[PDB]
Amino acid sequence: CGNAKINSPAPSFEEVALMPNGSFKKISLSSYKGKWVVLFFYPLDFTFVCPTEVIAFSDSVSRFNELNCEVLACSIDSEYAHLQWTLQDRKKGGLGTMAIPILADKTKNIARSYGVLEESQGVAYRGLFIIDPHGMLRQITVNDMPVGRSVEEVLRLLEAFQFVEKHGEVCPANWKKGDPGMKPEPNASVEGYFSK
């Protein structure tokens, strides 16, 4: 998916971001080594599905932070666009106060590198990436423009990947916190999981 490959280092970047406090700051991906990161792109500030998603992630950021996971949004719009978007009322299609940084991918190269840039329109698809504390890409989700993502699904996936790293077990279809795992071995899988 662009240069973004599962079990490869997530494409690095360093770019100006609108921060929670309203200020501008260069954020790099490497600066998150040690934590999980949910990087989500959306197409355009001031539009339709985009506000719902950004607000949803920002409002639920604590759910991610409790799990050693940071949240980053990104679009091709400027930091000044982002700022005004947060200064605009949610009832008017605005973001309001934000609890997550938003990158200004003004060169579009970040989205290009994640393979989610629609080149003819110059905007990102709804691509979301789960990156581990080693900097490794683990999960890709990309939606077409008119269909929003699911905060609940992304959290489910984060819990699963964490369960794997902690227990050296694998998570079956539909796993939620507290479901049993399976040992990825012929005999033990049958003994521990399949026979029940």
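A residue's number is simply how far along the shown sequence it sits, counting from 1.
*Asks:* Taking the recorded C-alpha temperature factors, which stretch has the higher mean, 73 to 81 or 115 to 123?
*Replies:* Stretch with the higher mean C-alpha B-factor: 115 to 123.
*Asks:* Test of understanding: from the entry's C-alpha B-factors, which stretch has the higher mean, 48 to 56 or 165 to 173?
*Replies:* Taking the mean B-factor of the alpha carbons in each, 165 to 173 is higher.
*Asks:* Hey, out of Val147, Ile27, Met136, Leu128, whose CA B-factor is highest in the deposited coordinates?
*Replies:* Largest recorded C-alpha B-factor: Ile27.
*Asks:* Classify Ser31 as lowest, middle or highest third according to the C-alpha B-factor given in the PDB entry, relative to its own chain.
*Replies:* Answer is highest: the recorded C-alpha B-factor places it there.
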